[PDB]
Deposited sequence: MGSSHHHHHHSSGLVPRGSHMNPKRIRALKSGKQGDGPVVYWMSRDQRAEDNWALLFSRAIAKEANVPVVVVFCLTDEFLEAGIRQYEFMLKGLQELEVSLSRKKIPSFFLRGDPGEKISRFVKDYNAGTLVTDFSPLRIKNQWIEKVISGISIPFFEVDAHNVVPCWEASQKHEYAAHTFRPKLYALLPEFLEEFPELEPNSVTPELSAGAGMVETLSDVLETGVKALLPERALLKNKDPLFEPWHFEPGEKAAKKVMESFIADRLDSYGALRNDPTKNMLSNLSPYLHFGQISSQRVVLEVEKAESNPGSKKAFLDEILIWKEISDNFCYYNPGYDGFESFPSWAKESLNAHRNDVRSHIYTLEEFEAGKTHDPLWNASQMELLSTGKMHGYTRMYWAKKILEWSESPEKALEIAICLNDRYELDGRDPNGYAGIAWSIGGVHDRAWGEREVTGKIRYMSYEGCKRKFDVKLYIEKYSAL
């Protein structure tokens, strides 16, 4: 176990009670460095490990599609941890109040959590630190190379982050040790009841069409650790060979469809990389897929960790901020409100089709996501308004939303983060432009539009 994966958030006097793993981002029992590190510290102090998950007050800012996908995975996860004799405790409320109360009530010895560079997780960490006196650690269980180890600063391009990450792959890309069970079982409600009351609170804001029928289709992605491994296995056996050639075709289901599991932490990216690396397939397709799950996925964490305003106009590159400012007063071709963007009521059928796929499946195709966000910038009153509209629609309806990938993806599409300057245009400036005619020359746009009416 590499000690570079764990960081100390607060020193203190160790108690003699169970080591608490405050699971937030990596919701799985297998291939979890944070859970393995908690078990090892628990073994060293002769004390069992315990698992605590907080059901926060911010679930109403999202939809039923993410609430059910997350909770249905936790229901499977509770069974899996119980078989290895680790108990799980699900608290409802503020992590700053619930974690501090749980630590004091249960005489917790050491507190451990997983790593997340999002602002809301840092808000919880500040509150928890102020109310505990035991040691507090955090472990990077989401990235193959720890976020603080891959780079010590913000990387302005993938070609500058790629050699750094690949040089540390031989050290950090390793097999996971088996999660040992607790020696004996140690000494706040049923998740089914919490899911029932939560869904009832989210029903009035459900995404419906004119016929009052729900718009979301929940049969596209089954949640759970077991389902994530089946989707991963299918991708390697059926879709990895053709990934490098058809990853930009939204009319083909050639993507891995691993993002909803990767976002909630139901499957480890390191596990996916290990299986992909030992598979035999198209080397161009393997290189393309590893470039997406290693470089671009972990550079998103690098973006949010080293840019406090990762969701603001200030984090854009200087060339993009100057270009967008020089085109602020340019007359936009069209101006759509948030409701018009949300309902897919724009003049562009391709954009509307992309929005319908987001509304119905909860997972828009990777290529159309770039077109979807770049057209928001073209049809907004300001780049700051486009950032708000893109982030709102992304986090509300994407099953993988509220993720560092989305904010880094949105920053690339609108602010040119991790991109270069292109030909200068009106309104958009030097930001990379994607036209409707360009998409038609790339794939069958008519089929994609007809699929999502």
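In sequence order, the gaps in C-alpha coverage of the deposited chain fall at 1 to 20, 208 to 214, 481 to 482.
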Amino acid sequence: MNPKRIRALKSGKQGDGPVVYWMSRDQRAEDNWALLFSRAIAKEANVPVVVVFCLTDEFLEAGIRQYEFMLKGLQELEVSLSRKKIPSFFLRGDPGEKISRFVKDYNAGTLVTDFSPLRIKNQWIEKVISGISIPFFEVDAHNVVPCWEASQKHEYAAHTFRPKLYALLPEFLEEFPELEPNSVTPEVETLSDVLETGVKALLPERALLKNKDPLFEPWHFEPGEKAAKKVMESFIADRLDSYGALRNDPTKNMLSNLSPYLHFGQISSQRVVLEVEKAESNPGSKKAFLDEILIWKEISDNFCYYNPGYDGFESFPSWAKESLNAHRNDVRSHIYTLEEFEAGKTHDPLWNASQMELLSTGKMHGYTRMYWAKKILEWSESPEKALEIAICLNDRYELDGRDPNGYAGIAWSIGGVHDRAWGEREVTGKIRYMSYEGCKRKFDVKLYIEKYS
From here on, numbers count along this sequence of modelled residues.
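We call the rigid core the largest set of C-alpha positions that still match within 1.5 Å between the two forms.
Take 112 to 120 and 213 to 221, fit the other structures onto the shown form by the rigid core, and average the C-alpha distances in 6 other deposited structures of this protein: the farther stretch is 213 to 221. After superposing on the rigid core, the larger RMS C-alpha deviation in 6 other deposited structures of this protein belongs to 196 to 204, the other candidate being whichever of 354 to 362 and 196 to 204 remains. Across the other entries compared, none leave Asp238 without coordinates where the residues on each side are present, so it is far from a third. Figure legend: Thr185 is marked as unmodelled in at least a third of the other comparable entries of the protein. When the C-alpha B-factors of 140 to 148 and 175 to 183 are averaged, 175 to 183 comes out higher.
A summary of the deposited B-factors shows that, of 255 to 263 and 330 to 338, the stretch with the larger mean C-alpha value is 330 to 338.
Out of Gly73, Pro383, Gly96, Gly312, the entry records its largest CA B-factor for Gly96. Out of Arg25, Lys440, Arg432, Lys10, it is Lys440 whose C-alpha atom has the highest B-factor in the PDB entry. Ranked within its chain, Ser413 lands in the lowest third, by CA B factor from the PDB record.
Among the modelled residues of its chain, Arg239 has a C-alpha B-factor that falls in the middle third, as given in the PDB entry. Annotation for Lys43: CA B-factor lies in the highest third of the chain's modelled residues. Ranked within its chain, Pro214 lands in the middle third, by CA B factor from the PDB record. Annotation for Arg425: C-alpha temperature factor in the highest third relative to the rest of the modelled chain, per the entry.
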